[PDB]
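Have a look at the structure below, then the notes.
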Amino acid sequence: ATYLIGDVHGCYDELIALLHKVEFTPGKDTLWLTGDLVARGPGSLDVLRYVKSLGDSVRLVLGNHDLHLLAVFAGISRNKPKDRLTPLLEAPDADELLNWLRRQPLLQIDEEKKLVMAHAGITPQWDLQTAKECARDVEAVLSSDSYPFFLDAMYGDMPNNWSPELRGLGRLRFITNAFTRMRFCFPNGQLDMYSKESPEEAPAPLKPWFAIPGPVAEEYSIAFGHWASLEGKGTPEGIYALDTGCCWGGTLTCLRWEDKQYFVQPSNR
Ligand SMILES: Nc1nc2c(ncn2[C@@H]2O[C@H](COP(=O)(O)OP(=O)(O)O)[C@@H](O)[C@H]2O)c(=O)[nH]1
Ligand SMILES: [Mn+2]
Ligand SMILES: [Mn+2]
């Protein structure tokens, strides 16, 4: 079977309890994870150890907190106490875990399931070929020996409009923001990098990225996490918002793809 779980955010106990609920069995089953494996919850170290151990039985995409962890590890960004990342950063296998993490994809595609996954979704300004190319470009910089330079370049809120003519730092920054930070769009598809509210609470003319018809969403289902204030609700057919805010005292959600059946694990916090 195929299971898709939203942002874990260091909630290792909840993750294991949810996987035991569905009797997840590597070799029979595959797990998709929407990213943000780490930060806020208490068990980021255990989460990374376990997910890495799964190998081919897991399909991960990196989220904004995964990238921020990499930036802290590389000395690019400052450690925030509230992220609770010190046990992971101080672990004896930290190098092995984080060099594995930076090699993971930003985008997962299954053509037989007609299923696409990224942390924040697929901007309506991208067709599939462009999304693939952009993911490849950023994954290439992240898996290179020079990844700290890219992590430093990644921070920024502009440009917020895609163009095939984008080059250099602006191109990489847009790609990173689209895959890992996107929530709201302007009517022309341009990213808004400030509003994190629920769709009903946001200011006009902002709309969810998934409320703007895009070529990927017309042909593929899209699963994503990231947008906790959406509470996994209010999405169109074919759009699966899996982040129900476990680290926030909400729930961890698992979707079984074959029958679209949901399983939920309450937060222990
Ligand atoms: N207004 C509102 N904000 C929320 C809610 N849940 C989370 N947030 C906020 O959203 C901000 C970004 O958190 P989140 O959506 O989990 O994404 P992440 O930071 O990438 O992991 C956090 O600082 C939370 O305070 C909610 O239910 N309502
Ligand atoms: Mn998150
Ligand atoms: Mn996120």
Side-chain angles (χ1 to χ4, degrees), residues 34-36 60-68 70-71 74 76-77 102-111 114-171 173-196 199 202-206 208-227 236 238-239:
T34 58
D36 279 3
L60 174 74
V61 292
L62 295 179
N64 50 316
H65 288 266
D66 307 325
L67 296 181
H68 176 74
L70 293 169
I76 298 302
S77 298
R102 73 196 181 75
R103 302 185 310 242
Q104 298 310 303
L106 278 286
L107 173 68
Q108 295 276 0
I109 298 164
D110 192 307
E111 290 288 349
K114 295 302 289 203
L115 170 62
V116 168
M117 189 205 39
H119 181 60
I122 305 293
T123 167
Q125 301 193 311
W126 278 352
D127 63 8
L128 190 73
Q129 188 50 66
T130 303
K132 288 151 109 173
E133 277 161 8
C134 290
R136 165 209 83 211
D137 290 348
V138 173
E139 291 160 14
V141 304
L142 283 169
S143 60
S144 81
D145 290 344
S146 313
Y147 76 94
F149 298 134
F150 154 74
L151 289 172
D152 195 28
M154 98 181 153
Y155 289 99
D157 294 341
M158 302 276 315
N160 57 9
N161 209 260
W162 173 251
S163 168
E165 325 313 329
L166 284 177
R167 294 282 184 277
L169 297 168
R171 187 183 184 97
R173 295 174 175 147
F174 177 89
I175 291 170
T176 304
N177 288 346
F179 276 128
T180 70
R181 293 175 69 204
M182 174 172 66
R183 283 180 183 85
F184 289 99
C185 290
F186 292 86
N188 62 358
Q190 165 181 137
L191 302 180
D192 182 274
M193 284 287 113
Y194 305 110
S195 197
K196 302 197 185 182
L206 288 194
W209 65 267
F210 53 75
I212 302 176
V216 174
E218 295 176 332
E219 183 179 356
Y220 292 79
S221 298
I222 301 167
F224 71 107
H226 184 68
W227 195 342
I239 301 289

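Atoms considered below: every heavy atom in the structure, side chains included; atoms not considered: hydrogens, waters and symmetry mates. Count residues from 1 along the sequence.
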Open item on the list: Tell me the closest heavy-atom pair linking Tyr147 and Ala74, and the distance in Å.
Closed with: CE1-CB, 4.1 Å
Open item on the list: Looking at every non-hydrogen atom in both residues, tell me the closest pair between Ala178 and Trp126 and how far apart they are.
Closed with: CB-CH2, 3.8 Å
- [ ] Mind running side-chain contact (heavy atoms from CB on, under 4.5 Å) on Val116 and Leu128 for me, showing each step along the way?
- [x] CA-CA 9 Å; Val116 168; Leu128 190 73; 4.2 Å; yes
- [ ] Go through the structure and list residues passing side-chain hydrogen bond (donor to acceptor under 3.5 Å, both in side chains) with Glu218, not counting sequence neighbours.
- [x] none
Task: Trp227 side chain near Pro199 side chain, heavy-atom distance below 4.5 Å - done: yes
Task: side-chain contact (heavy atoms from CB on, under 4.5 Å) assessment of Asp66 paired with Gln104 - done: CA-CA 10 Å; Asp66 307 325; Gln104 298 310 303; over 6 Å; no
Open item on the list: Give me the atom names and distance for the closest heavy-atom approach of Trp209 to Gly121.
Closed with: CZ2-CA, 3.5 Å
TODO: Ignoring hydrogens and angles, tell me if any N or O in the side chain of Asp192 forms a donor-acceptor pair with the backbone of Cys185 under 3.5 Å.
DONE: no
TODO: Enumerate the residue pairs fulfilling salt bridge (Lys or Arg N to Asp or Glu O under 4.0 Å) with a member in residues 139-149, sequence neighbours excluded, ordered by first and then second residue.
DONE: none
Open item on the list: Measuring only between side-chain heavy atoms, which start at C-beta, is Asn160 closer than 4.5 Å to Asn177?
Closed with: no
Open item on the list: Show me the pairs that pass salt bridge (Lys or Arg N to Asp or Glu O under 4.0 Å) and involve residues 116-125, at least two apart or across chains.
Closed with: none
TODO: Would you give the length of the straight line joining atom OG1 of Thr180 to atom CG of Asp36, rounded to the nearest 0.5 angstrom?
DONE: 8.5 Å
Task: For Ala120, side-chain contact (heavy atoms from CB on, under 4.5 Å) partners two or more places apart - done: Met182, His226
Open item on the list: With side-chain contact (heavy atoms from CB on, under 4.5 Å) as the criterion, how do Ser77 and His68 come out once you've worked through the C-alpha distance, each side chain's angles and the decisive distance to 0.1 Å?
Closed with: CA-CA 7 Å; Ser77 298; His68 176 74; 3.9 Å; yes
- [ ] For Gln125, check side-chain contact (heavy atoms from CB on, under 4.5 Å) against everything at least two apart and list the hits.
- [x] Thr123, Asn161, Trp162, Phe174
TODO: Check whether any side-chain N or O of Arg102 sits under 3.5 Å from a backbone N or O of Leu142 as a donor-acceptor pair, and report yes or no.
DONE: yes
- [ ] Considering non-hydrogen atoms only, spot the tightest contact between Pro213 and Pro124 and give its length.
- [x] O-CB, 4.2 Å
- [ ] Name all residues meeting the salt bridge (charged side-chain N to carboxylate O under 4.0 Å, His left out) criterion together with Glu133; count only those two or more places apart in sequence or in a different chain, and write none if there are none.
- [x] none
Open item on the list: Just verifying a value: how many Å separate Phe184 CZ and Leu191 CG, rounded to the nearest 0.5 Å?
Closed with: 12.5 Å
Task: Residues that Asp157 engages under side-chain hydrogen bond (donor to acceptor under 3.5 Å, both in side chains), provided they are two or more places apart - done: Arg181
Open item on the list: Which residues pass the side-chain contact (heavy atoms from CB on, under 4.5 Å) test with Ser163, not counting sequence neighbours?
Closed with: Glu165, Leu166
Open item on the list: Testing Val138, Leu67, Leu107 one by one against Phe179 for a side-chain contact (heavy atoms from CB on, under 4.5 Å), which residue passes?
Closed with: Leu107
- [ ] Begin with the C-alpha distance, continue with both residues' side-chain angles, and end with the deciding distance and a verdict on side-chain contact (heavy atoms from CB on, under 4.5 Å) for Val216 and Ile222.
- [x] CA-CA 8 Å; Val216 174; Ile222 301 167; 4.1 Å; yes
Open item on the list: If the condition is side-chain contact (heavy atoms from CB on, under 4.5 Å), which residues does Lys114 pass it with, not counting sequence neighbours?
Closed with: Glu111, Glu219, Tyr220
Open item on the list: Could you measure the distance from the CD1 atom of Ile212 to the CZ atom of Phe186? Nearest 0.5 Å is fine.
Closed with: 10.0 Å
Open item on the list: How long is the straight-line distance from CG of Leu60 back to CD of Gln108, given to the nearest 0.5 Å?
Closed with: 7.5 Å
Open item on the list: What's the separation between atom CG in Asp137 and atom NZ in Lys132, rounded to the nearest 0.5 Å?
Closed with: 14.0 Å
Open item on the list: Please give me the minimum heavy-atom distance between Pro215 and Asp127, naming the atom from each residue.
Closed with: CG-CA, 3.6 Å
Task: Minimum side-chain heavy-atom gap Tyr194-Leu206 below 4.5 Å - done: no
Open item on the list: Please enumerate all residues that pass salt bridge (charged side-chain N to carboxylate O under 4.0 Å, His left out) together with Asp110, with sequence neighbours excluded.
Closed with: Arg59, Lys113
Open item on the list: Minimum heavy-atom separation for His119 and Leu62, please, with both atom names.
Closed with: CB-O, 3.5 Å
